[PDB]
>>> print(open('my_file16.txt').read())   # compact mmCIF, N, CA and C atoms
# COMPACT_ATOMS: atom_id res chain seq x y z
N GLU S 1 91.26 146.27 77.11
CA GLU S 1 92.08 145.59 76.12
C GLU S 1 92.92 144.48 76.74
N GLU S 2 93.01 143.35 76.04
CA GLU S 2 93.81 142.24 76.53
C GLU S 2 95.27 142.65 76.63
N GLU S 3 95.90 142.29 77.73
CA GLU S 3 97.31 142.61 77.88
C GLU S 3 98.16 141.67 77.04
N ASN S 4 99.33 142.17 76.65
CA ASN S 4 100.28 141.33 75.95
C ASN S 4 100.92 140.36 76.93
N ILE S 5 101.48 139.28 76.38
CA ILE S 5 102.11 138.24 77.18
C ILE S 5 103.61 138.46 77.26
N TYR S 6 104.18 138.29 78.45
CA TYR S 6 105.61 138.49 78.62
C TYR S 6 106.29 137.18 78.96
N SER S 7 107.56 137.10 78.60
CA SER S 7 108.33 135.90 78.81
C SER S 7 109.22 136.05 80.03
N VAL S 8 109.81 134.94 80.43
CA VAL S 8 110.73 134.87 81.56
C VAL S 8 112.05 134.30 81.05
N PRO S 9 113.20 134.80 81.52
CA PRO S 9 114.48 134.27 81.04
C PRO S 9 114.65 132.77 81.27
N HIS S 10 115.46 132.14 80.44
CA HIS S 10 115.75 130.69 80.51
C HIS S 10 116.19 130.25 81.91
N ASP S 11 116.83 131.11 82.67
CA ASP S 11 117.41 130.72 83.99
C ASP S 11 116.43 130.96 85.14
N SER S 12 115.16 131.22 84.85
CA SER S 12 114.23 131.57 85.95
C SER S 12 112.91 130.79 85.89
N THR M 1 130.61 145.49 82.53
CA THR M 1 130.59 146.22 81.27
C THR M 1 129.29 146.06 80.52
N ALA M 2 128.74 147.18 80.05
CA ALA M 2 127.53 147.22 79.24
C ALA M 2 127.44 148.58 78.56
N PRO M 3 126.85 148.67 77.37
CA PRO M 3 126.81 149.96 76.65
C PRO M 3 126.08 151.02 77.45
N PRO M 4 126.35 152.30 77.20
CA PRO M 4 125.67 153.36 77.95
C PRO M 4 124.18 153.40 77.64
N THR M 5 123.44 154.04 78.56
CA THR M 5 121.98 154.03 78.52
C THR M 5 121.44 154.62 77.21
N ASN M 6 122.09 155.67 76.71
CA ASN M 6 121.68 156.30 75.46
C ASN M 6 121.72 155.34 74.28
N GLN M 7 122.45 154.24 74.40
CA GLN M 7 122.56 153.28 73.31
C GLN M 7 121.45 152.26 73.29
N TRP M 8 120.61 152.20 74.33
CA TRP M 8 119.58 151.17 74.32
C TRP M 8 118.29 151.54 75.03
N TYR M 9 118.17 152.71 75.66
CA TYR M 9 116.94 153.03 76.39
C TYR M 9 116.03 153.91 75.54
N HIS M 10 114.76 153.52 75.45
CA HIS M 10 113.84 154.19 74.55
C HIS M 10 112.75 154.98 75.26
N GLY M 11 112.78 155.04 76.59
CA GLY M 11 111.67 155.66 77.29
C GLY M 11 110.39 154.84 77.16
N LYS M 12 109.27 155.51 77.40
CA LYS M 12 107.98 154.83 77.35
C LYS M 12 107.64 154.51 75.90
N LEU M 13 107.50 153.22 75.60
CA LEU M 13 107.35 152.79 74.22
C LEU M 13 106.45 151.56 74.18
N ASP M 14 105.49 151.57 73.26
CA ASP M 14 104.58 150.43 73.17
C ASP M 14 105.24 149.27 72.42
N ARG M 15 104.63 148.09 72.57
CA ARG M 15 105.25 146.88 72.02
C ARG M 15 105.36 146.95 70.50
N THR M 16 104.37 147.53 69.83
CA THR M 16 104.39 147.56 68.37
C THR M 16 105.59 148.33 67.85
N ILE M 17 105.86 149.50 68.42
CA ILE M 17 107.00 150.29 67.95
C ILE M 17 108.30 149.63 68.37
N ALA M 18 108.32 149.03 69.56
CA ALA M 18 109.52 148.34 70.01
C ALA M 18 109.91 147.25 69.02
N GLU M 19 108.94 146.43 68.60
CA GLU M 19 109.24 145.37 67.64
C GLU M 19 109.67 145.95 66.30
N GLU M 20 109.03 147.04 65.87
CA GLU M 20 109.45 147.65 64.62
C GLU M 20 110.90 148.11 64.71
N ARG M 21 111.28 148.74 65.82
CA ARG M 21 112.67 149.19 65.97
C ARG M 21 113.64 148.02 65.94
N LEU M 22 113.27 146.90 66.56
CA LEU M 22 114.17 145.75 66.49
C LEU M 22 114.22 145.13 65.10
N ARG M 23 113.10 145.13 64.37
CA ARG M 23 113.16 144.51 63.05
C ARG M 23 113.83 145.42 62.03
N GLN M 24 113.84 146.74 62.28
CA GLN M 24 114.68 147.63 61.48
C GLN M 24 116.15 147.31 61.68
N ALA M 25 116.55 147.02 62.92
CA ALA M 25 117.90 146.52 63.17
C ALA M 25 118.13 145.21 62.41
N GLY M 26 117.22 144.26 62.57
CA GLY M 26 117.16 143.08 61.74
C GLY M 26 118.15 141.98 62.07
N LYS M 27 118.99 142.17 63.08
CA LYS M 27 119.99 141.18 63.47
C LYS M 27 119.54 140.45 64.73
N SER M 28 119.57 139.12 64.68
CA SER M 28 119.38 138.32 65.88
C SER M 28 120.35 138.78 66.97
N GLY M 29 119.84 138.87 68.19
CA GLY M 29 120.61 139.38 69.30
C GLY M 29 120.43 140.86 69.55
N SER M 30 119.69 141.57 68.69
CA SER M 30 119.37 142.97 68.94
C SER M 30 118.43 143.12 70.13
N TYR M 31 118.65 144.17 70.92
CA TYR M 31 117.79 144.38 72.07
C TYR M 31 117.61 145.87 72.37
N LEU M 32 116.58 146.16 73.15
CA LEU M 32 116.39 147.50 73.70
C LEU M 32 115.71 147.34 75.04
N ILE M 33 115.73 148.41 75.83
CA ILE M 33 114.95 148.49 77.06
C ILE M 33 114.02 149.69 76.94
N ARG M 34 112.78 149.52 77.40
CA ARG M 34 111.75 150.54 77.30
C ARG M 34 110.95 150.56 78.58
N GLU M 35 110.33 151.69 78.88
CA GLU M 35 109.28 151.73 79.89
C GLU M 35 107.98 151.24 79.24
N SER M 36 107.25 150.36 79.93
CA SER M 36 105.99 149.88 79.37
C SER M 36 104.94 150.97 79.35
N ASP M 37 104.29 151.15 78.20
CA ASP M 37 103.17 152.08 78.15
C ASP M 37 101.96 151.51 78.88
N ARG M 38 101.83 150.18 78.93
CA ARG M 38 100.67 149.58 79.56
C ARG M 38 100.81 149.46 81.08
N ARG M 39 102.02 149.27 81.60
CA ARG M 39 102.29 149.24 83.04
C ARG M 39 103.35 150.29 83.35
N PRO M 40 102.96 151.56 83.38
CA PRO M 40 103.95 152.63 83.51
C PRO M 40 104.76 152.51 84.80
N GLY M 41 106.03 152.87 84.70
CA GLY M 41 106.94 152.78 85.82
C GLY M 41 107.66 151.46 85.93
N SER M 42 107.30 150.49 85.09
CA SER M 42 107.99 149.22 84.98
C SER M 42 108.57 149.13 83.58
N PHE M 43 109.55 148.25 83.42
CA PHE M 43 110.36 148.27 82.21
C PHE M 43 110.28 146.94 81.49
N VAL M 44 110.79 146.93 80.26
CA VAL M 44 110.74 145.73 79.43
C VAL M 44 112.04 145.62 78.65
N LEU M 45 112.63 144.43 78.69
CA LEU M 45 113.73 144.05 77.81
C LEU M 45 113.13 143.37 76.60
N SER M 46 113.29 143.98 75.43
CA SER M 46 112.78 143.45 74.18
C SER M 46 113.96 142.94 73.35
N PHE M 47 113.83 141.72 72.84
CA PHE M 47 114.97 140.98 72.32
C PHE M 47 114.55 140.23 71.07
N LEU M 48 115.31 140.41 70.00
CA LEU M 48 115.03 139.74 68.74
C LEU M 48 115.77 138.41 68.70
N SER M 49 115.02 137.31 68.65
CA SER M 49 115.63 136.00 68.76
C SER M 49 116.14 135.52 67.41
N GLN M 50 116.91 134.43 67.46
CA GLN M 50 117.41 133.77 66.25
C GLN M 50 116.28 133.33 65.33
N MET M 51 115.05 133.23 65.83
CA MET M 51 113.93 132.79 65.02
C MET M 51 113.07 133.94 64.53
N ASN M 52 113.60 135.17 64.57
CA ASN M 52 112.86 136.36 64.12
C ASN M 52 111.58 136.53 64.92
N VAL M 53 111.66 136.23 66.21
CA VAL M 53 110.58 136.45 67.17
C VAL M 53 111.09 137.42 68.23
N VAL M 54 110.37 138.51 68.44
CA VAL M 54 110.72 139.42 69.52
C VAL M 54 110.15 138.88 70.83
N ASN M 55 111.03 138.66 71.80
CA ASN M 55 110.70 138.24 73.16
C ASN M 55 110.72 139.45 74.07
N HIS M 56 109.76 139.52 74.98
CA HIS M 56 109.64 140.68 75.87
C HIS M 56 109.68 140.18 77.30
N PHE M 57 110.60 140.73 78.10
CA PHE M 57 110.77 140.31 79.49
C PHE M 57 110.55 141.51 80.41
N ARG M 58 109.64 141.37 81.38
CA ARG M 58 109.43 142.46 82.32
C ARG M 58 110.64 142.63 83.22
N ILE M 59 110.97 143.89 83.49
CA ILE M 59 111.95 144.28 84.49
C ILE M 59 111.23 145.16 85.49
N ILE M 60 111.20 144.74 86.74
CA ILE M 60 110.52 145.49 87.79
C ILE M 60 111.55 146.29 88.58
N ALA M 61 111.35 147.60 88.65
CA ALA M 61 112.22 148.49 89.38
C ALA M 61 111.67 148.65 90.80
N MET M 62 112.49 148.30 91.79
CA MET M 62 112.11 148.44 93.19
C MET M 62 113.32 148.87 94.00
N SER M 63 113.19 149.97 94.74
CA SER M 63 114.23 150.44 95.64
C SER M 63 115.55 150.64 94.90
N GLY M 64 115.46 151.24 93.71
CA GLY M 64 116.64 151.56 92.93
C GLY M 64 117.39 150.35 92.41
N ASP M 65 116.77 149.18 92.53
CA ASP M 65 117.26 147.94 91.95
C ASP M 65 116.30 147.48 90.87
N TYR M 66 116.71 146.44 90.15
CA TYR M 66 115.95 145.91 89.02
C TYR M 66 115.85 144.40 89.13
N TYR M 67 114.64 143.88 88.95
CA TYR M 67 114.35 142.46 89.11
C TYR M 67 113.83 141.90 87.79
N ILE M 68 114.43 140.82 87.32
CA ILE M 68 113.95 140.14 86.12
C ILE M 68 113.92 138.65 86.40
N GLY M 69 112.73 138.06 86.30
CA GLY M 69 112.55 136.77 86.95
C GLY M 69 112.69 136.95 88.44
N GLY M 70 113.44 136.06 89.08
CA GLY M 70 113.68 136.18 90.50
C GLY M 70 115.08 136.69 90.79
N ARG M 71 115.69 137.33 89.80
CA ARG M 71 117.08 137.76 89.86
C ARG M 71 117.14 139.26 90.11
N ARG M 72 118.01 139.69 91.03
CA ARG M 72 118.14 141.09 91.41
C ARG M 72 119.40 141.69 90.80
N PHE M 73 119.27 142.87 90.18
CA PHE M 73 120.40 143.65 89.68
C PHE M 73 120.34 145.07 90.22
N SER M 74 121.50 145.65 90.56
CA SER M 74 121.50 147.00 91.10
C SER M 74 121.43 148.08 90.03
N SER M 75 121.72 147.74 88.77
CA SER M 75 121.59 148.68 87.67
C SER M 75 121.16 147.94 86.41
N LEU M 76 120.56 148.67 85.48
CA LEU M 76 120.30 148.09 84.16
C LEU M 76 121.60 147.72 83.46
N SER M 77 122.67 148.48 83.69
CA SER M 77 123.98 148.09 83.16
C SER M 77 124.37 146.69 83.62
N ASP M 78 124.16 146.38 84.91
CA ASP M 78 124.52 145.06 85.41
C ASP M 78 123.62 143.98 84.81
N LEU M 79 122.33 144.29 84.63
CA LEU M 79 121.40 143.34 84.02
C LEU M 79 121.82 143.02 82.60
N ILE M 80 122.08 144.05 81.80
CA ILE M 80 122.52 143.81 80.43
C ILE M 80 123.83 143.05 80.42
N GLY M 81 124.76 143.41 81.31
CA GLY M 81 126.01 142.68 81.37
C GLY M 81 125.80 141.20 81.63
N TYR M 82 124.89 140.89 82.54
CA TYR M 82 124.65 139.49 82.92
C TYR M 82 124.12 138.68 81.74
N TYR M 83 123.14 139.22 81.01
CA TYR M 83 122.56 138.48 79.90
C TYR M 83 123.32 138.66 78.60
N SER M 84 124.38 139.48 78.61
CA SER M 84 125.30 139.56 77.47
C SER M 84 126.47 138.60 77.59
N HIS M 85 126.99 138.38 78.81
CA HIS M 85 128.26 137.70 78.99
C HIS M 85 128.23 136.52 79.94
N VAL M 86 127.23 136.41 80.80
CA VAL M 86 127.25 135.45 81.89
C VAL M 86 126.24 134.33 81.68
N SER M 87 125.00 134.68 81.39
CA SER M 87 123.93 133.71 81.31
C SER M 87 123.12 133.92 80.04
N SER M 88 122.65 132.81 79.48
CA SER M 88 121.72 132.87 78.36
C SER M 88 120.41 133.52 78.78
N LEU M 89 119.90 134.39 77.91
CA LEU M 89 118.57 134.94 78.09
C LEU M 89 117.50 133.98 77.58
N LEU M 90 117.74 133.38 76.42
CA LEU M 90 117.01 132.24 75.89
C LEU M 90 118.00 131.12 75.68
N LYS M 91 117.50 129.89 75.57
CA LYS M 91 118.39 128.76 75.37
C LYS M 91 119.31 129.02 74.19
N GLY M 92 120.61 129.16 74.48
CA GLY M 92 121.61 129.35 73.45
C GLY M 92 121.67 130.74 72.85
N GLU M 93 121.10 131.74 73.52
CA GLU M 93 121.04 133.09 72.97
C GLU M 93 121.34 134.11 74.06
N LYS M 94 122.26 135.04 73.78
CA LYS M 94 122.59 136.13 74.69
C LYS M 94 122.32 137.48 74.03
N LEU M 95 122.27 138.53 74.86
CA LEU M 95 122.16 139.88 74.33
C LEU M 95 123.40 140.24 73.51
N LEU M 96 123.19 140.76 72.29
CA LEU M 96 124.32 141.05 71.42
C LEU M 96 124.42 142.51 71.00
N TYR M 97 123.35 143.11 70.51
CA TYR M 97 123.44 144.40 69.82
C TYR M 97 122.45 145.40 70.41
N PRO M 98 122.92 146.42 71.12
CA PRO M 98 121.98 147.43 71.62
C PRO M 98 121.43 148.24 70.47
N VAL M 99 120.15 148.56 70.56
CA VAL M 99 119.46 149.34 69.54
C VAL M 99 119.08 150.66 70.18
N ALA M 100 119.58 151.77 69.59
CA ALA M 100 119.31 153.07 70.16
C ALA M 100 118.06 153.67 69.53
N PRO M 101 117.37 154.55 70.25
CA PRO M 101 116.22 155.22 69.66
C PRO M 101 116.66 156.13 68.53
N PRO M 102 115.80 156.36 67.53
CA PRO M 102 116.16 157.31 66.48
C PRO M 102 116.27 158.74 66.99
N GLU M 103 115.73 159.02 68.18
CA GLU M 103 115.83 160.28 68.90
C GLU M 103 116.30 160.01 70.33
N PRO M 104 117.24 160.82 70.85
CA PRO M 104 117.71 160.59 72.23
C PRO M 104 116.83 161.25 73.29
>>> encode(input="my_file16.txt", output="structure tokens")
Amino acid sequence: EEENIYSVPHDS
Amino acid sequence: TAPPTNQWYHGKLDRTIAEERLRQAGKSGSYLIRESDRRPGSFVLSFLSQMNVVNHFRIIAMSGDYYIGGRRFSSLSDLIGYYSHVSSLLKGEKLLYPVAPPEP
């Protein structure tokens, strides 16, 4: 199954 | 300063239920922390944005510390404190409302 996408904080 | 763990930690929880729990809260700035079901032993900060979009940020636990992006925190309390009071998590948005599990 395709993994979900994760975000990175605005400061990184 | 940050709310106690019982107020925002959900244990191992998949993304679908995490988003449902945040949309039941329904307020921008709502957040929770969960263990990822897909990458067990690593954690996720799930956050309901001003645009009714849940954002998910990995938190990697290493040596009793927590890493999000390239930033190191010694506790999840310190991490939540930082993105509640010190730095924006998204442009113009900080952590506001901890969401507790319906079961502790």
>>> interface_residues(input="my_file16.txt", of="chain S", to="chain M", cutoff="6 Å", atoms="only C-alpha atoms", output="ChimeraX atom specification")
/S:6-10,12
>>> select_by_dssp(input="my_file16.txt", residues="segment 51-84 of chain M", states="strand (DSSP E)", output="list in words")
residues 54, 55, 56, 57, 58, 59, 60, 61, 62, 65, 66, 67, 68, 71, 72 and 73 of chain M
>>> axis_aligned_box(input="my_file16.txt", around="segment 8-12 of chain S", padding_each_side="8 Å", output="lines of an AutoDock Vina configuration file")
center_x = 113.6
center_y = 132.6
center_z = 83.2
size_x = 23.6
size_y = 20.7
size_z = 21.5
>>> residues_around(input="my_file16.txt", residues="segment 97-103 of chain M", least_positions_apart="5", cutoff="8 Å", atoms="all atoms listed in the file", output="MDAnalysis selection string")
chainID M and resid 3 5:11 21:22 25 27:33
>>> atom_distance(input="my_file16.txt", atom1="atom C of residue 80 of chain M", atom2="atom N of residue 62 of chain M")
16.9 Å
>>> atom_distance(input="my_file16.txt", atom1="atom CA of residue 23 of chain M", atom2="atom CA of residue 43 of chain M")
19.7 Å
>>> residues_around(input="my_file16.txt", residues="residue 41 of chain M", least_positions_apart="4", cutoff="7 Å", atoms="only N, CA and C atoms", output="compact mmCIF listing (two decimals) with N, CA and C atoms, keeping the file's coordinate frame")
# COMPACT_ATOMS: atom_id res chain seq x y z
N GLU M 35 110.33 151.69 78.88
CA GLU M 35 109.28 151.73 79.89
C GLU M 35 107.98 151.24 79.24
N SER M 36 107.25 150.36 79.93
CA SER M 36 105.99 149.88 79.37
C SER M 36 104.94 150.97 79.35
N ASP M 37 104.29 151.15 78.20
CA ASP M 37 103.17 152.08 78.15
C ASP M 37 101.96 151.51 78.88
N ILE M 60 111.20 144.74 86.74
CA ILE M 60 110.52 145.49 87.79
C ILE M 60 111.55 146.29 88.58
N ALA M 61 111.35 147.60 88.65
CA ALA M 61 112.22 148.49 89.38
C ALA M 61 111.67 148.65 90.80
>>> atom_distance(input="my_file16.txt", atom1="atom N of residue 16 of chain M", atom2="atom C of residue 2 of chain M")
24.7 Å
>>> closest_residue(input="my_file16.txt", among="M:13, M:54, M:64, M:86", to="residue 11 of chain S", atoms="only C-alpha atoms")
M:86
>>> closest_residue(input="my_file16.txt", among="M:96, M:53, M:1, M:42", to="residue 81 of chain M", atoms="all atoms listed in the file")
M:1
>>> decode(input="my_file16.txt", residues="chain S", atoms="N, CA and C atoms", output="short mmCIF file (atom, residue, chain, number, x, y, z; two decimals), in the first residue's frame")
data_model
loop_
_atom_site.label_atom_id
_atom_site.label_comp_id
_atom_site.auth_asym_id
_atom_site.auth_seq_id
_atom_site.Cartn_x
_atom_site.Cartn_y
_atom_site.Cartn_z
N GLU S 1 0.82 -1.21 0.00
CA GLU S 1 0.00 0.00 0.00
C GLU S 1 0.85 1.26 0.00
N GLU S 2 0.43 2.25 -0.78
CA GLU S 2 1.15 3.51 -0.84
C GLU S 2 1.13 4.18 0.52
N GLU S 3 2.29 4.69 0.93
CA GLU S 3 2.35 5.38 2.20
C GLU S 3 1.74 6.77 2.08
N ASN S 4 1.23 7.26 3.21
CA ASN S 4 0.73 8.62 3.25
C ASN S 4 1.90 9.59 3.24
N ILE S 5 1.60 10.84 2.87
CA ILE S 5 2.62 11.88 2.78
C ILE S 5 2.63 12.72 4.05
N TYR S 6 3.82 13.03 4.55
CA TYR S 6 3.93 13.82 5.77
C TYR S 6 4.55 15.17 5.47
N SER S 7 4.21 16.14 6.29
CA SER S 7 4.68 17.48 6.11
C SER S 7 5.82 17.78 7.07
N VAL S 8 6.47 18.92 6.83
CA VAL S 8 7.57 19.40 7.66
C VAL S 8 7.19 20.78 8.17
N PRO S 9 7.53 21.12 9.42
CA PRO S 9 7.17 22.45 9.95
C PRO S 9 7.72 23.60 9.13
N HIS S 10 7.06 24.74 9.19
CA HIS S 10 7.45 25.97 8.46
C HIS S 10 8.91 26.35 8.72
N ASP S 11 9.46 26.04 9.88
CA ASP S 11 10.82 26.49 10.26
C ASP S 11 11.89 25.48 9.89
N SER S 12 11.57 24.48 9.08
CA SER S 12 12.56 23.42 8.79
C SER S 12 12.69 23.11 7.30
#
